[PDB]
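First the structure, in the form of C-alpha cells, and then the observations on it.
All heavy atoms count here, side chains included; hydrogens, waters and symmetry mates do not. Just so you know, residue 1 is the first one in the sequence shown, and it goes up from there.
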Amino acid sequence: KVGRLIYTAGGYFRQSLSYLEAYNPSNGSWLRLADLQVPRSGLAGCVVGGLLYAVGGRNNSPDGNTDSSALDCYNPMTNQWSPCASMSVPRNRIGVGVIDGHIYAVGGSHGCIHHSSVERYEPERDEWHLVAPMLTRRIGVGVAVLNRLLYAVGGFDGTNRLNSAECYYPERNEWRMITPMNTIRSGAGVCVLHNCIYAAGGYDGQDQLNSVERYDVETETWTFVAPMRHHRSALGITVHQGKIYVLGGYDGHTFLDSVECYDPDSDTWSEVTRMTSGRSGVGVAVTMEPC
Ligand SMILES: O=C(N[C@@H](C(=O)O)c1ccccc1)c1cccc2c1-c1ccccc1C2=O
C-alpha cells in the first residue's frame with residue numbers, strides 16, 4: 001500500500017494544459033513529471049495495471065479548440081507517455097470508470113453534440129468497442145464504479161443540467177435510472193468510498209456548489225454530508241487510504257489551487273495542500289511513484 005501518489009493530468013487556466021504533477025500525501029511534496037503529448041482539459045484519469053491513462057478532453061488553445069478522442073498511457077517506471085487506440089468519437093467533459101481491468105468512457109461532448117454513447121477499452125488487446133448507450137445524453141458527467149457496477153451522475157444533456165443518475169449492469173449490457181440526487185450538478189466530482197457514490201461540488205445552473213451528497217447503493221437514498229470549504233465546479237477527485245481528495249476547479253471568481261480531503265469517520269473536510277497553480281478540468285488517479 002505504500003509509495004502511491006495522487007497524479008493530476010491536464011487542466012485549464014486561460015488555455016488547456018499539458019501538466020502532469022504528482023502529490024505525495026505522506027510528505028506533502030509535489031513532483032512535475034512528463035508533460036502530456038497534447039494539452040487537454042475536461043479529460044478523465046484512471047489507472048489499470050499500475051499505468052495511468054488520460055482519456056478524452058479538449059485542447060482549448062489560441063489557435064483553435066479540438067475535442068479529443070485520445071487514450072494515452074503514462075508509465076511511472078519510465079516517466080513516458082505512449083499513445084493507445086483512440087475512442088470511436090471525441091469526448092470532452094467525459095466521465096470514466098474501470099471495471100475488472102477495462103476502461104469505460106461515458107458521455108461527453110463533440111462540438112454541440114452531447115453523447116449518450118459509452119465505450120469500453122481492453123488494454124490487453126488495445127481495442128475499444130461500443131456498449132449500450134446511457135438513457136440520457138450527459139456531458140460534464142461524474143462516473144464511478146462500486147461493486148462492479150458503473151454509475152453515471154448528473155451532467156448536462158444539451159438543454160438542462162441534471163440531477164438524474166443511472167447505473168450500468170455489465171452482464172445485461174443495460175442502463176437503469178437510479179434515485180436522482182437532491183441537487184442539479186454539472187461538472188461535479190464523483191467517486192466511490194465504502195458503500196456510497198459521492199457527488200461533490202459542480203454547477204447547478206446558477207452557482208458553483210460546495211455541497212456534497214452520497215448515494216447508498218443498498219438503501220438507494222442520497223444524503224448530504226459536510227460541505228467543502230470551497231465552492232467548486234470542474235474539480236478533480238480521487239480516493240486514497242479511505243479519504244476523498246478534491247483538487248482545483250472554479251469557484252465563480254478564481255481557478256482554485258486548493259486540495260481538500262474528506263474524512264468519513266469525522267464527517268469533516270480539511271485543506272491539505274495546494275497545487276502548483278490554480279486550474280480546472282483535470283484528470284486524477286492514484287498509482288505508484290515514478291522511477
Ligand atoms: O461552473 C461553470 N460551468 C459549468 C457548467 O456550465 O455546467 C461547467 C461544468 C463542467 C465543466 C465546465 C463547466 C461556470 C459558470 C460560469 C462561468 C464559468 C464557469 C466555469 C467552469 C470551469 C472553468 C471556468 C468557468 C467560468 O469562467
Side-chain angles (χ1 to χ4, degrees), residues 6-22 33-48 51-74 81-98 103-121 128 137-144 152-156 186-191 201-203 232-238 246-250 255 275 277-285:
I6 298 173
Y7 286 78
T8 181
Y12 180 87
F13 177 65
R14 303 194 196 286
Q15 64 180 327
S16 300
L17 307 171
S18 61
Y19 312 154
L20 180 65
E21 296 168 334
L33 301 173
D35 280 359
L36 287 159
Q37 178 182 277
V38 181
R40 45 221 284 204
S41 52
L43 72 160
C46 67
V47 167
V48 183
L51 301 171
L52 171 65
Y53 292 84
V55 195
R58 171 178 264 222
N59 182 9
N60 294 294
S61 87
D63 293 335
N65 307 325
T66 305
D67 295 310
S68 177
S69 65
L71 180 66
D72 300 283
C73 186
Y74 173 82
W81 290 96
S82 297
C84 301
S86 294
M87 293 181 294
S88 71
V89 64
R91 301 178 182 277
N92 178 218
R93 299 190 184 172
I94 192 179
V96 162
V98 177
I103 305 178
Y104 286 82
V106 175
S109 58
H110 175 203
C112 65
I113 301 302
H114 302 85
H115 302 310
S116 62
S117 66
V118 178
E119 52 195 298
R120 188 188 77 144
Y121 180 72
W128 288 95
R137 293 171 181 171
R138 305 180 184 268
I139 84 167
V141 59
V143 172
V153 179
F156 178 66
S186 179
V190 171
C191 66
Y203 184 73
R232 44 184 98 215
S233 68
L235 57 147
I237 195 166
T238 194
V246 296
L247 299 80
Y250 183 73
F255 289 85
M275 295 184 292
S277 58
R279 62 195 78 152
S280 63
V282 302
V284 184

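- Formation of a donor-acceptor pair under 3.5 Å by the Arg279 side chain with backbone atoms of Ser277 is found in this model.
- Put simply, CD1 on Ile103 and SG on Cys84 are 7.5 Å apart, with the number rounded to the nearest 0.5 Å.
- The CZ atom of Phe156 lies 13.0 Å from the CZ atom of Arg138; values are rounded to the nearest 0.5 Å.
- To the nearest 0.5 Å, the span separating SG on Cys46 from CG on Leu51 amounts to 10.0 Å.
- To the nearest 0.5 angstrom, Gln37 atom CD is 10.0 Å from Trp81 atom CH2.
- Residues that satisfy the side-chain hydrogen bond (donor to acceptor under 3.5 Å, both in side chains) test with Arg232, not counting sequence neighbours, are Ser258, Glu260.
- In this view, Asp67 and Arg58, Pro90, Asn92, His110 satisfy the side chain to side chain contact (heavy atoms under 4.5 Å, CB included) rule, not counting sequence neighbours.
- The shortest side-chain heavy-atom distance between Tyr7 and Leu33 falls under the 4.5 Å cut-off.
- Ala9 and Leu20 get closest at one heavy-atom pair: CB-CD1, 3.9 Å.
- Judged as a side chain to side chain contact (heavy atoms under 4.5 Å, CB included), and not counting sequence neighbours, the contacts of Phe13 are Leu17, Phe255.
- Shortest non-hydrogen contact noted between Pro83 and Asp72 is CA-OD1, 3.4 Å.
- The heavy-atom pair separating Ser69 from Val89 by the smallest distance is CB-O, 3.5 Å.
- For the pair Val141 and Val106, the tightest heavy-atom approach, listed with the atom from each and the gap, is CG1-O, 3.7 Å.
- Residues that satisfy the side chain to side chain contact (heavy atoms under 4.5 Å, CB included) test with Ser82, not counting sequence neighbours, are absent from this structure.
- Residues satisfying the side-chain hydrogen bond (donor to acceptor under 3.5 Å, both in side chains) test with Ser280, not counting sequence neighbours, are none.
- Legend: salt bridge (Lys or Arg N to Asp or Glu O under 4.0 Å) pairs involving residues 81-98, not counting sequence neighbours, sorted by first then second residue: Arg91-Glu119.
- Between the CG atom of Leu247 and the CD1 atom of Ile237 there is a distance of 9.0 Å, given to the nearest 0.5 Å.
- In this structure the side chain of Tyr104 never reaches within 4.5 angstrom of the side chain of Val143, judged on heavy atoms.
- Shown here are the side-chain hydrogen bond (donor to acceptor under 3.5 Å, both in side chains) partners of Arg137, two or more places apart in sequence or in another chain: there are none.
- Partners of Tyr53 by side-chain hydrogen bond (donor to acceptor under 3.5 Å, both in side chains), not counting sequence neighbours: none found.
- Here the OG1-CG distance, from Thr66 to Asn60, works out to 9.0 Å after rounding to the nearest 0.5 Å.
- For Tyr203, the side chain to side chain contact (heavy atoms under 4.5 Å, CB included) test picks out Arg161, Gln208, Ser233, with sequence neighbours left out.
- Of all heavy-atom pairs between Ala105 and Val55, the closest is CB-CG1, 4.5 Å.
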